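S.K.: See upload_39.csv below, with CSV, N, CA and C atoms.
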```csv
chain,number,residue,atom,x,y,z
L,59,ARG,N,12.6,-62.7,-25.0
L,59,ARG,CA,13.8,-63.5,-24.6
L,59,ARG,C,13.4,-64.9,-24.4
L,60,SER,N,12.1,-65.1,-23.9
L,60,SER,CA,11.6,-66.4,-23.6
L,60,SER,C,11.3,-67.1,-25.0
L,61,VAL,N,11.2,-66.3,-26.1
L,61,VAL,CA,11.0,-66.8,-27.4
L,61,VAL,C,12.3,-67.4,-27.8
L,62,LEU,N,13.5,-66.7,-27.6
L,62,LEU,CA,14.7,-67.3,-28.0
L,62,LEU,C,15.1,-68.3,-27.0
L,63,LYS,N,15.6,-69.5,-27.6
L,63,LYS,CA,16.0,-70.6,-26.8
L,63,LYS,C,17.5,-70.7,-26.8
L,64,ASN,N,18.2,-69.8,-27.6
L,64,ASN,CA,19.6,-69.7,-27.8
L,64,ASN,C,20.1,-68.7,-26.9
L,65,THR,N,19.4,-68.3,-25.9
L,65,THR,CA,19.5,-67.1,-25.1
L,65,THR,C,20.9,-67.1,-24.4
L,66,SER,N,21.8,-66.3,-24.9
L,66,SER,CA,23.0,-66.0,-24.2
L,66,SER,C,23.5,-64.8,-25.0
L,67,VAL,N,22.6,-64.1,-25.6
L,67,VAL,CA,22.9,-62.9,-26.4
L,67,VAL,C,21.9,-61.9,-26.1
L,68,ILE,N,20.8,-62.3,-25.5
L,68,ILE,CA,19.7,-61.4,-25.1
L,68,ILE,C,20.2,-60.8,-23.8
L,69,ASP,N,20.9,-61.6,-23.0
L,69,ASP,CA,21.5,-61.1,-21.8
L,69,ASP,C,22.6,-60.1,-22.1
L,70,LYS,N,23.3,-60.4,-23.3
L,70,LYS,CA,24.4,-59.5,-23.7
L,70,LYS,C,23.9,-58.2,-24.2
L,71,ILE,N,22.9,-58.2,-25.1
L,71,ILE,CA,22.4,-56.9,-25.7
L,71,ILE,C,21.6,-56.2,-24.7
L,72,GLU,N,20.9,-56.9,-23.7
L,72,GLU,CA,20.3,-56.3,-22.6
L,72,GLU,C,21.2,-55.5,-21.8
L,73,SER,N,22.4,-56.1,-21.4
L,73,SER,CA,23.4,-55.5,-20.6
L,73,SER,C,24.0,-54.4,-21.4
L,74,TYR,N,24.1,-54.5,-22.7
L,74,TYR,CA,24.7,-53.4,-23.5
L,74,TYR,C,23.8,-52.2,-23.6
L,75,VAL,N,22.5,-52.5,-23.7
L,75,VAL,CA,21.5,-51.5,-23.8
L,75,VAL,C,21.4,-50.7,-22.5
L,76,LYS,N,21.4,-51.5,-21.3
L,76,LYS,CA,21.4,-50.9,-20.0
L,76,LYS,C,22.7,-50.2,-19.7
L,77,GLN,N,23.8,-50.6,-20.2
L,77,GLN,CA,25.1,-50.0,-20.1
L,77,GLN,C,25.1,-48.6,-20.7
L,78,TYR,N,24.6,-48.5,-22.0
L,78,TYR,CA,24.7,-47.3,-22.8
L,78,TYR,C,23.3,-46.6,-22.6
L,79,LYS,N,22.6,-46.8,-21.5
L,79,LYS,CA,21.3,-46.3,-21.2
L,79,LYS,C,21.2,-44.8,-21.2
L,80,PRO,N,22.1,-43.9,-20.7
L,80,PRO,CA,22.1,-42.5,-21.0
L,80,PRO,C,22.8,-42.4,-22.4
L,81,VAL,N,22.0,-42.8,-23.4
L,81,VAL,CA,22.5,-42.9,-24.8
L,81,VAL,C,22.9,-41.5,-25.3
L,82,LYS,N,22.2,-40.5,-24.9
L,82,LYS,CA,22.5,-39.1,-25.2
L,82,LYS,C,22.1,-38.5,-23.9
L,83,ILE,N,22.9,-37.6,-23.4
L,83,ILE,CA,22.8,-36.9,-22.2
L,83,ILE,C,22.0,-35.6,-22.4
L,84,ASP,N,21.6,-35.0,-21.3
L,84,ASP,CA,20.8,-33.8,-21.3
L,84,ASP,C,21.4,-32.6,-22.0
L,85,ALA,N,20.5,-31.7,-22.6
L,85,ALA,CA,21.0,-30.5,-23.2
L,85,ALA,C,20.0,-29.4,-22.8
L,86,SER,N,20.5,-28.3,-22.2
L,86,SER,CA,19.8,-27.1,-22.3
L,86,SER,C,20.9,-26.1,-22.8
L,87,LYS,N,20.8,-25.7,-24.0
L,87,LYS,CA,21.8,-24.9,-24.7
L,87,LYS,C,21.2,-23.5,-24.9
L,88,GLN,N,19.9,-23.4,-24.8
L,88,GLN,CA,19.1,-22.2,-24.9
L,88,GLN,C,19.0,-21.8,-23.5
L,89,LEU,N,20.0,-21.0,-23.0
L,89,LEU,CA,19.9,-20.4,-21.7
L,89,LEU,C,20.9,-19.3,-21.7
L,90,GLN,N,21.8,-19.2,-22.6
L,90,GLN,CA,22.8,-18.2,-22.8
L,90,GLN,C,22.4,-17.4,-24.0
L,91,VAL,N,21.8,-18.1,-25.0
L,91,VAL,CA,21.5,-17.5,-26.3
L,91,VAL,C,20.1,-17.0,-26.1
L,92,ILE,N,19.2,-17.7,-25.3
L,92,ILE,CA,17.9,-17.2,-25.1
L,92,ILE,C,17.8,-15.9,-24.3
L,93,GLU,N,18.7,-15.8,-23.3
L,93,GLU,CA,18.7,-14.6,-22.5
L,93,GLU,C,19.2,-13.4,-23.1
L,94,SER,N,20.3,-13.6,-24.0
L,94,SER,CA,20.9,-12.5,-24.7
L,94,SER,C,20.0,-11.9,-25.7
L,95,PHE,N,19.3,-12.9,-26.4
L,95,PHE,CA,18.3,-12.6,-27.4
L,95,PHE,C,17.1,-11.9,-26.9
L,96,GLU,N,16.7,-12.3,-25.6
L,96,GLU,CA,15.7,-11.7,-24.9
L,96,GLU,C,16.0,-10.2,-24.5
L,97,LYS,N,17.2,-9.9,-24.2
L,97,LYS,CA,17.6,-8.5,-23.9
L,97,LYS,C,17.5,-7.6,-25.1
L,98,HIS,N,18.0,-8.0,-26.3
L,98,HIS,CA,17.9,-7.1,-27.5
L,98,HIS,C,16.5,-7.0,-27.9
L,99,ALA,N,15.7,-8.1,-27.9
L,99,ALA,CA,14.4,-8.1,-28.2
L,99,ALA,C,13.5,-7.3,-27.3
L,100,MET,N,13.7,-7.4,-26.0
L,100,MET,CA,13.0,-6.6,-25.0
L,100,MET,C,13.2,-5.2,-25.2
L,101,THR,N,14.4,-4.7,-25.4
L,101,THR,CA,14.8,-3.3,-25.5
L,101,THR,C,14.1,-2.7,-26.7
L,102,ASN,N,14.2,-3.4,-27.8
L,102,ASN,CA,13.5,-3.0,-29.0
L,102,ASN,C,12.0,-3.0,-28.9
L,103,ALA,N,11.4,-4.0,-28.2
L,103,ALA,CA,10.0,-4.2,-28.0
L,103,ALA,C,9.4,-3.0,-27.2
L,104,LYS,N,10.0,-2.7,-26.1
L,104,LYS,CA,9.6,-1.6,-25.2
L,104,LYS,C,9.7,-0.3,-25.9
L,105,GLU,N,10.8,0.0,-26.7
L,105,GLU,CA,11.0,1.2,-27.4
L,105,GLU,C,9.9,1.4,-28.4
L,106,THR,N,9.5,0.4,-29.2
L,106,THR,CA,8.5,0.5,-30.2
L,106,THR,C,7.1,0.7,-29.6
L,107,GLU,N,6.9,0.0,-28.4
L,107,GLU,CA,5.6,0.1,-27.7
L,107,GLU,C,5.4,1.5,-27.2
L,108,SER,N,6.4,2.1,-26.6
L,108,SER,CA,6.4,3.4,-26.0
L,108,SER,C,6.2,4.5,-27.1
L,109,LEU,N,6.9,4.3,-28.2
L,109,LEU,CA,6.8,5.2,-29.3
L,109,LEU,C,5.5,5.3,-29.9
L,110,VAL,N,4.8,4.2,-30.2
L,110,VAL,CA,3.5,4.2,-30.8
L,110,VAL,C,2.4,4.6,-29.9
L,111,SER,N,2.5,4.2,-28.6
L,111,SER,CA,1.6,4.7,-27.6
L,111,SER,C,1.6,6.2,-27.4
L,112,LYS,N,2.8,6.8,-27.4
L,112,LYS,CA,3.1,8.2,-27.4
L,112,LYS,C,2.4,8.9,-28.5
L,113,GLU,N,2.6,8.4,-29.7
L,113,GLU,CA,2.1,9.0,-30.9
L,113,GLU,C,0.6,9.0,-30.9
L,114,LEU,N,0.0,7.9,-30.4
L,114,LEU,CA,-1.5,7.8,-30.3
L,114,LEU,C,-2.1,8.9,-29.5
L,115,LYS,N,-1.6,9.2,-28.3
L,115,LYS,CA,-2.1,10.3,-27.5
L,115,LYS,C,-1.7,11.6,-28.0
L,116,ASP,N,-0.6,11.8,-28.8
L,116,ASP,CA,-0.3,13.0,-29.4
L,116,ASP,C,-1.3,13.4,-30.5
Y,1,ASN,N,3.9,-102.2,-32.2
Y,1,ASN,CA,4.6,-103.3,-32.9
Y,1,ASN,C,5.7,-102.7,-33.7
Y,2,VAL,N,5.4,-102.3,-34.9
Y,2,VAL,CA,6.2,-101.5,-35.8
Y,2,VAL,C,6.4,-100.1,-35.2
Y,3,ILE,N,5.3,-99.6,-34.5
Y,3,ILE,CA,5.3,-98.4,-33.8
Y,3,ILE,C,6.4,-98.3,-32.8
Y,4,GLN,N,6.4,-99.4,-32.0
Y,4,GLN,CA,7.4,-99.6,-30.9
Y,4,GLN,C,8.8,-99.7,-31.4
Y,5,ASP,N,8.9,-100.4,-32.6
Y,5,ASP,CA,10.2,-100.6,-33.2
Y,5,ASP,C,10.8,-99.3,-33.6
Y,6,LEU,N,10.0,-98.5,-34.3
Y,6,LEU,CA,10.4,-97.2,-34.8
Y,6,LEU,C,10.7,-96.3,-33.7
Y,7,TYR,N,9.8,-96.3,-32.7
Y,7,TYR,CA,9.9,-95.4,-31.5
Y,7,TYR,C,11.2,-95.5,-30.9
Y,8,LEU,N,11.6,-96.8,-30.6
Y,8,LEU,CA,12.7,-97.2,-29.9
Y,8,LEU,C,13.9,-96.8,-30.7
Y,9,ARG,N,13.9,-97.1,-32.0
Y,9,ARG,CA,15.1,-97.1,-32.9
Y,9,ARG,C,15.4,-95.6,-33.1
Y,10,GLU,N,14.4,-94.8,-33.3
Y,10,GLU,CA,14.5,-93.4,-33.6
Y,10,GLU,C,15.0,-92.7,-32.5
Y,11,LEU,N,14.4,-92.9,-31.3
Y,11,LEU,CA,14.7,-92.1,-30.1
Y,11,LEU,C,16.1,-92.3,-29.7
Y,12,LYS,N,16.5,-93.6,-29.6
Y,12,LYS,CA,17.7,-94.1,-29.1
Y,12,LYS,C,18.9,-93.7,-29.9
Y,13,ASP,N,18.8,-93.9,-31.3
Y,13,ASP,CA,20.0,-94.0,-32.1
Y,13,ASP,C,20.5,-92.6,-32.4
Y,14,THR,N,19.7,-91.6,-32.2
Y,14,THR,CA,20.0,-90.2,-32.4
Y,14,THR,C,18.8,-89.5,-31.9
Y,15,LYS,N,18.9,-88.6,-30.9
Y,15,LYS,CA,17.8,-87.9,-30.4
Y,15,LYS,C,17.8,-86.6,-31.1
Y,16,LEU,N,18.8,-85.8,-30.9
Y,16,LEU,CA,19.0,-84.6,-31.7
Y,16,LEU,C,20.1,-84.8,-32.7
Y,17,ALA,N,20.1,-84.0,-33.8
Y,17,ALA,CA,21.1,-83.9,-34.7
Y,17,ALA,C,22.0,-82.8,-34.3
Y,18,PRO,N,23.3,-82.9,-34.5
Y,18,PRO,CA,24.3,-81.8,-34.1
Y,18,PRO,C,23.9,-80.4,-34.4
Y,19,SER,N,24.4,-79.4,-33.6
Y,19,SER,CA,24.1,-78.0,-33.7
Y,19,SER,C,25.2,-77.3,-33.0
Y,20,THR,N,25.6,-76.1,-33.5
Y,20,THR,CA,26.7,-75.3,-32.9
Y,20,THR,C,26.3,-73.9,-32.9
Y,21,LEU,N,26.3,-73.2,-31.7
Y,21,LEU,CA,26.0,-71.8,-31.4
Y,21,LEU,C,26.9,-70.9,-32.1
Y,22,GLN,N,28.2,-71.2,-32.2
Y,22,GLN,CA,29.2,-70.4,-32.8
Y,22,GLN,C,29.0,-70.1,-34.3
Y,23,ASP,N,28.5,-71.2,-35.0
Y,23,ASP,CA,28.2,-71.1,-36.4
Y,23,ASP,C,27.1,-70.2,-36.7
Y,24,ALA,N,26.1,-70.1,-35.8
Y,24,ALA,CA,24.9,-69.3,-35.9
Y,24,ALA,C,25.2,-67.8,-36.0
Y,25,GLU,N,26.3,-67.4,-35.3
Y,25,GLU,CA,26.7,-66.0,-35.1
Y,25,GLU,C,27.0,-65.4,-36.5
Y,26,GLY,N,27.6,-66.1,-37.4
Y,26,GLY,CA,28.0,-65.7,-38.7
Y,26,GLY,C,26.8,-65.3,-39.5
Y,27,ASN,N,25.7,-66.1,-39.3
Y,27,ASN,CA,24.5,-66.0,-40.2
Y,27,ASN,C,23.5,-65.0,-39.6
Y,28,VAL,N,23.8,-64.3,-38.5
Y,28,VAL,CA,22.8,-63.4,-37.9
Y,28,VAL,C,23.5,-62.1,-37.7
Y,29,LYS,N,22.8,-61.0,-37.8
Y,29,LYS,CA,23.3,-59.6,-37.6
Y,29,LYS,C,23.8,-59.4,-36.2
Y,30,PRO,N,25.0,-58.9,-36.0
Y,30,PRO,CA,25.5,-58.8,-34.7
Y,30,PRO,C,25.1,-57.5,-34.1
Y,31,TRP,N,25.0,-57.3,-32.8
Y,31,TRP,CA,24.7,-56.0,-32.1
Y,31,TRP,C,25.9,-55.2,-32.4
Y,32,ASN,N,25.6,-53.9,-32.6
Y,32,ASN,CA,26.7,-52.9,-32.8
Y,32,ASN,C,26.1,-51.7,-32.2
Y,33,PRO,N,26.9,-50.8,-31.7
Y,33,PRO,CA,26.4,-49.8,-30.8
Y,33,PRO,C,26.2,-48.5,-31.6
Y,34,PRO,N,25.3,-47.6,-31.2
Y,34,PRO,CA,25.2,-46.3,-31.8
Y,34,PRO,C,26.5,-45.6,-31.6
Y,35,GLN,N,26.9,-44.7,-32.5
Y,35,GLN,CA,28.1,-44.0,-32.5
Y,35,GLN,C,27.8,-42.6,-32.1
Y,36,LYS,N,28.5,-42.1,-31.0
Y,36,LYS,CA,28.4,-40.8,-30.4
Y,36,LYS,C,27.2,-40.7,-29.6
Y,37,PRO,N,27.2,-40.1,-28.4
Y,37,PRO,CA,26.0,-39.7,-27.7
Y,37,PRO,C,25.5,-38.5,-28.4
Y,38,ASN,N,26.4,-37.6,-28.9
Y,38,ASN,CA,26.0,-36.4,-29.6
Y,38,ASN,C,25.7,-35.3,-28.5
Y,39,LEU,N,26.0,-34.1,-28.8
Y,39,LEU,CA,25.6,-32.9,-28.0
Y,39,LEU,C,25.2,-31.9,-29.1
Y,40,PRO,N,24.1,-31.3,-29.1
Y,40,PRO,CA,23.8,-30.2,-30.0
Y,40,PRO,C,24.7,-29.1,-29.9
Y,41,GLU,N,25.1,-28.4,-31.0
Y,41,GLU,CA,26.0,-27.3,-31.1
Y,41,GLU,C,25.3,-26.1,-30.6
Y,42,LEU,N,26.0,-25.2,-29.9
Y,42,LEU,CA,25.3,-24.0,-29.2
Y,42,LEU,C,24.8,-23.1,-30.3
Y,43,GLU,N,23.5,-23.1,-30.5
Y,43,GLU,CA,22.9,-22.4,-31.6
Y,43,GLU,C,22.8,-20.9,-31.3
Y,44,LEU,N,23.4,-20.1,-32.2
Y,44,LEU,CA,23.4,-18.6,-32.1
Y,44,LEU,C,23.9,-18.1,-30.8
Y,45,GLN,N,25.0,-18.7,-30.4
Y,45,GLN,CA,25.6,-18.4,-29.1
Y,45,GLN,C,26.1,-17.0,-29.1
Y,46,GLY,N,25.7,-16.3,-28.0
Y,46,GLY,CA,26.1,-14.9,-27.7
Y,46,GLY,C,25.5,-13.9,-28.6
Y,47,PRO,N,25.7,-12.6,-28.2
Y,47,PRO,CA,25.3,-11.4,-28.9
Y,47,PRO,C,26.1,-11.1,-30.2
Y,48,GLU,N,27.0,-12.0,-30.7
Y,48,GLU,CA,27.7,-11.7,-31.9
Y,48,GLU,C,26.7,-11.7,-33.0
Y,49,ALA,N,25.7,-12.6,-33.0
Y,49,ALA,CA,24.6,-12.7,-33.8
Y,49,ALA,C,23.7,-11.6,-33.7
Y,50,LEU,N,23.4,-11.2,-32.4
Y,50,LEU,CA,22.4,-10.1,-32.1
Y,50,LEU,C,22.8,-8.8,-32.6
Y,51,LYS,N,24.1,-8.4,-32.4
Y,51,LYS,CA,24.7,-7.2,-32.8
Y,51,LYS,C,24.6,-7.1,-34.3
Y,52,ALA,N,24.9,-8.2,-34.9
Y,52,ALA,CA,24.8,-8.4,-36.3
Y,52,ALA,C,23.4,-8.2,-36.8
Y,53,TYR,N,22.4,-8.8,-36.1
Y,53,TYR,CA,21.0,-8.8,-36.5
Y,53,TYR,C,20.4,-7.5,-36.3
Y,54,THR,N,20.7,-6.8,-35.3
Y,54,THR,CA,20.2,-5.4,-35.0
Y,54,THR,C,20.6,-4.5,-36.1
Y,55,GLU,N,21.9,-4.6,-36.5
Y,55,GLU,CA,22.4,-3.8,-37.5
Y,55,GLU,C,21.9,-4.2,-38.9
Y,56,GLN,N,21.9,-5.6,-39.1
Y,56,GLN,CA,21.5,-6.2,-40.4
Y,56,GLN,C,20.1,-5.9,-40.8
Y,57,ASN,N,19.2,-6.1,-39.8
Y,57,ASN,CA,17.8,-5.8,-40.0
Y,57,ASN,C,17.6,-4.8,-38.9
Y,58,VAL,N,17.6,-3.5,-39.3
Y,58,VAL,CA,17.1,-2.4,-38.5
Y,58,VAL,C,15.8,-2.1,-39.1
Y,59,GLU,N,15.2,-3.1,-39.9
Y,59,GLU,CA,14.0,-2.9,-40.7
Y,59,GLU,C,12.9,-2.7,-39.7
Y,60,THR,N,12.1,-1.7,-40.0
Y,60,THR,CA,11.0,-1.3,-39.3
Y,60,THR,C,9.8,-2.1,-39.7
Y,61,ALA,N,8.7,-1.9,-38.9
Y,61,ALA,CA,7.5,-2.7,-39.1
Y,61,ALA,C,6.5,-1.7,-39.5
Y,62,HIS,N,6.0,-1.7,-40.8
Y,62,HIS,CA,5.1,-0.8,-41.4
Y,62,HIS,C,3.8,-1.5,-41.6
```
Starting from the file, give its structure as structure tokens.
M.R.:
Amino acid sequence: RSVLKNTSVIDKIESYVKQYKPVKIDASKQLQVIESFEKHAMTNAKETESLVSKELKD
Amino acid sequence: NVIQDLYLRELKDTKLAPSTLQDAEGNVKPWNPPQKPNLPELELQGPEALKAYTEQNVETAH
């Protein structure tokens, strides 16, 4: 800014930048899909685990 | 002598040449804002996908 001697636009774009400073807001969208996915996955994982462990001892 | 004459003449009779800030604006790229903050779409939302996936790939691991 101290480079520009025509400064009356650096204050403008500074204020515009600081205005739109939360340019994009927070996202956690993996919290409904991750838990649902975890349930189906967990169910299947434990089933497989128990099955093959059982077979090993058999 | 001539130095003084020039110094005087030059300085006095026009210090700066005209300039206009408004004219400058046309010749420079103007600030323009990014469009949309954006929000990512809810990827694979709900068990609609899961019920589909369990059925779709009931594929075992051999």
S.K.: For chain Y, report every residue with an atom at most 6.5 Å from chain L (counting all atoms listed in the file), formatted as a PDB file with N, CA and C atoms, in the coordinates of the input.
M.R.:
```
ATOM      1  N   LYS Y  36      28.500 -42.100 -31.000  1.00  0.00           N
ATOM      2  CA  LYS Y  36      28.400 -40.800 -30.400  1.00  0.00           C
ATOM      3  C   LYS Y  36      27.200 -40.700 -29.600  1.00  0.00           C
ATOM      4  N   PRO Y  37      27.200 -40.100 -28.400  1.00  0.00           N
ATOM      5  CA  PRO Y  37      26.000 -39.700 -27.700  1.00  0.00           C
ATOM      6  C   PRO Y  37      25.500 -38.500 -28.400  1.00  0.00           C
ATOM      7  N   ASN Y  38      26.400 -37.600 -28.900  1.00  0.00           N
ATOM      8  CA  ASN Y  38      26.000 -36.400 -29.600  1.00  0.00           C
ATOM      9  C   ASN Y  38      25.700 -35.300 -28.500  1.00  0.00           C
ATOM     10  N   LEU Y  42      26.000 -25.200 -29.900  1.00  0.00           N
ATOM     11  CA  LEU Y  42      25.300 -24.000 -29.200  1.00  0.00           C
ATOM     12  C   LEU Y  42      24.800 -23.100 -30.300  1.00  0.00           C
ATOM     13  N   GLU Y  43      23.500 -23.100 -30.500  1.00  0.00           N
ATOM     14  CA  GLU Y  43      22.900 -22.400 -31.600  1.00  0.00           C
ATOM     15  C   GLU Y  43      22.800 -20.900 -31.300  1.00  0.00           C
ATOM     16  N   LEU Y  44      23.400 -20.100 -32.200  1.00  0.00           N
ATOM     17  CA  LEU Y  44      23.400 -18.600 -32.100  1.00  0.00           C
ATOM     18  C   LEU Y  44      23.900 -18.100 -30.800  1.00  0.00           C
ATOM     19  N   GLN Y  45      25.000 -18.700 -30.400  1.00  0.00           N
ATOM     20  CA  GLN Y  45      25.600 -18.400 -29.100  1.00  0.00           C
ATOM     21  C   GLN Y  45      26.100 -17.000 -29.100  1.00  0.00           C
ATOM     22  N   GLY Y  46      25.700 -16.300 -28.000  1.00  0.00           N
ATOM     23  CA  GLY Y  46      26.100 -14.900 -27.700  1.00  0.00           C
ATOM     24  C   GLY Y  46      25.500 -13.900 -28.600  1.00  0.00           C
ATOM     25  N   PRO Y  47      25.700 -12.600 -28.200  1.00  0.00           N
ATOM     26  CA  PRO Y  47      25.300 -11.400 -28.900  1.00  0.00           C
ATOM     27  C   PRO Y  47      26.100 -11.100 -30.200  1.00  0.00           C
TER      28      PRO Y  47
END
```
S.K.: Using Å and a single decimal, report how far atom C of residue Y:62 sits from atom C of residue L:112.
M.R.: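 Distance reported for this atom pair: 16.8 Å.
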S.K.: According to DSSP computed on the backbone, where in chain L is there helix (DSSP H, G or I)? Give the residues as a PyMOL selection string.
M.R.: chain L and resi 68-77+91-115
S.K.: Measure the distance from atom C of residue Y:24 to atom N of residue L:69 in Å and round it to one decimal.
M.R.: 15.0 Å
S.K.: If you measure from atom C of residue L:59 to atom CA of residue Y:35, what distance in Å do you get, rounded to one decimal?
M.R.: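 Computing the Euclidean distance for atom C of residue L:59 and atom CA of residue Y:35 yields 26.8 Å.
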S.K.: Model the absent atoms of stretch 73-89 of chain L so that N, CA, C and O atoms are present, and write the result as a compact mmCIF listing (two decimals), in the coordinates of the input.
M.R.:
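Okay, part.txt is ready:
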```
# COMPACT_ATOMS: atom_id res chain seq x y z
N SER L 73 22.40 -56.10 -21.40
CA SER L 73 23.40 -55.50 -20.60
C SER L 73 24.00 -54.40 -21.40
O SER L 73 24.49 -53.44 -20.78
N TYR L 74 24.10 -54.50 -22.70
CA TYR L 74 24.70 -53.40 -23.50
C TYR L 74 23.80 -52.20 -23.60
O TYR L 74 24.29 -51.11 -23.65
N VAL L 75 22.50 -52.50 -23.70
CA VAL L 75 21.50 -51.50 -23.80
C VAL L 75 21.40 -50.70 -22.50
O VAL L 75 21.39 -49.50 -22.44
N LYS L 76 21.40 -51.50 -21.30
CA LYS L 76 21.40 -50.90 -20.00
C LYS L 76 22.70 -50.20 -19.70
O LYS L 76 22.66 -49.32 -18.81
N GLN L 77 23.80 -50.60 -20.20
CA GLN L 77 25.10 -50.00 -20.10
C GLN L 77 25.10 -48.60 -20.70
O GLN L 77 25.49 -47.62 -20.12
N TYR L 78 24.60 -48.50 -22.00
CA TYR L 78 24.70 -47.30 -22.80
C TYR L 78 23.30 -46.60 -22.60
O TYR L 78 22.92 -45.87 -23.54
N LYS L 79 22.60 -46.80 -21.50
CA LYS L 79 21.30 -46.30 -21.20
C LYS L 79 21.20 -44.80 -21.20
O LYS L 79 20.18 -44.30 -21.73
N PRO L 80 22.10 -43.90 -20.70
CA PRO L 80 22.10 -42.50 -21.00
C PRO L 80 22.80 -42.40 -22.40
O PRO L 80 23.93 -41.97 -22.45
N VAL L 81 22.00 -42.80 -23.40
CA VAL L 81 22.50 -42.90 -24.80
C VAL L 81 22.90 -41.50 -25.30
O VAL L 81 23.99 -41.40 -25.90
N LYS L 82 22.20 -40.50 -24.90
CA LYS L 82 22.50 -39.10 -25.20
C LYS L 82 22.10 -38.50 -23.90
O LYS L 82 21.00 -38.74 -23.35
N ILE L 83 22.90 -37.60 -23.40
CA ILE L 83 22.80 -36.90 -22.20
C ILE L 83 22.00 -35.60 -22.40
O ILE L 83 21.75 -35.21 -23.56
N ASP L 84 21.60 -35.00 -21.30
CA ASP L 84 20.80 -33.80 -21.30
C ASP L 84 21.40 -32.60 -22.00
O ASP L 84 22.62 -32.47 -22.06
N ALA L 85 20.50 -31.70 -22.60
CA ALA L 85 21.00 -30.50 -23.20
C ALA L 85 20.00 -29.40 -22.80
O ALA L 85 18.79 -29.58 -23.09
N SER L 86 20.50 -28.30 -22.20
CA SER L 86 19.80 -27.10 -22.30
C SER L 86 20.90 -26.10 -22.80
O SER L 86 21.83 -25.84 -22.00
N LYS L 87 20.80 -25.70 -24.00
CA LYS L 87 21.80 -24.90 -24.70
C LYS L 87 21.20 -23.50 -24.90
O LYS L 87 21.93 -22.54 -25.13
N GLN L 88 19.90 -23.40 -24.80
CA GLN L 88 19.10 -22.20 -24.90
C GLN L 88 19.00 -21.80 -23.50
O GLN L 88 18.08 -22.16 -22.77
N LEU L 89 20.00 -21.00 -23.00
CA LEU L 89 19.90 -20.40 -21.70
C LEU L 89 20.90 -19.30 -21.70
O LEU L 89 20.82 -18.44 -20.76
```
